[PDB]
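Here's a solo chain for you in structure tokens, the form deposited in one PDB entry.
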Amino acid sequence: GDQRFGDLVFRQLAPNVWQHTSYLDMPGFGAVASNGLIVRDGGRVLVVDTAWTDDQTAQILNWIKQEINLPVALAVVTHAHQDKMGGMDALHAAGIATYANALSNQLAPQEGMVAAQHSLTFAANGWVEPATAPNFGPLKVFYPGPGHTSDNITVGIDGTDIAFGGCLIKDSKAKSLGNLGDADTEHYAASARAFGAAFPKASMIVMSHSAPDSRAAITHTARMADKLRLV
């Protein structure tokens, strides 16, 4: 079901949802996949996560313009690392309104990211304060607590069985939790379980670094995280 477009791969998940995949090329690293989402919300398109680079992100915009040809109303990025926020300048050059966790915007300069134009804040139960996420349509944004990073956020897509874990969630066969340099090893497992609880009807779990998985992804991530906590 994957389709190549330039150096990107797109996979349709639902009538109005596609996963975008881009691959990092510095000289020094493998071709590392990163996934995000494209959501058609009627007469506009919503983007979750940039690609690694501005150029790659501009390719995503060209795919959208060709294959959907509606205006991109907004992008939300799920934390301040390159694979999620590397393409902010391309979004801004295209005049797209960008949203991130307030904490992601505060971290951005230290991480080398361009901050999003707008800051999301969250209630104590983890749900985005809806004043800070105006006209998000089907995107249900949830901060599950610190895990992969302090600022990681997650997104459910209303009307579908899809929830997006970002880099918080790893696939049910993953051997490790990936990059833990910025991780909160005490709270990670609870944050993975909270994501599962926030979207209890989602049966397709989309994540940054593997194909869409079942809910087993969530329970396998929380286990690896608790193993890490107890060492």
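Residue numbers run from 1 along the displayed sequence. Whichever C-alpha set is largest while still superposing within 1.5 Å between the two forms counts as the rigid core.
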Practice problem: Take the C-alpha B-factors listed in the entry for 61-69 and for 23-31, compute each mean, and give the stretch with the larger one. | Solution: 23-31
Practice problem: Check the entry's C-alpha temperature factors for 204-212 and 14-22, then say which stretch has the higher mean. | Solution: 204-212
Self-check item: Most elevated Cα B-factor in the entry, residues 163, 189, 174, 47
Solution: 174
Quiz prompt | Which of 110, 78, 119, 149 ranks first by CA B-factor in the deposited coordinates | solution = 110
Quiz item: Split the chain's modelled residues into thirds by Cα B-factor; is residue 169 in the lowest, middle or highest one?
Solution: middle
Exercise. Grab the CA temperature factor for residue 123 from the record and place it in the lowest, middle or highest third of its chain.
Key: middle
Quiz prompt | Relative C-alpha B-factor of residue 37, binned into the chain's lowest, middle or highest third | solution = lowest
Quiz prompt | residue 157, C-alpha B-factor rank within chain (lowest, middle or highest third) | solution = lowest
Self-check item: residue 183 - Cα temperature factor, lowest/middle/highest third of chain
Solution: highest
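The same protein also exists as the form deposited in another entry; that form is not shown, yet it is the one meant from here on.
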Quiz prompt | Post core alignment: residue 30 C-alpha displaced by 2 Å or more between this form and the one not shown | solution = yes
Quiz item: Closer or farther: how do the CA atoms of residue 175 and residue 26 lie in the other form, compared with the form shown, if the change is at least 3 Å?
Solution: closer
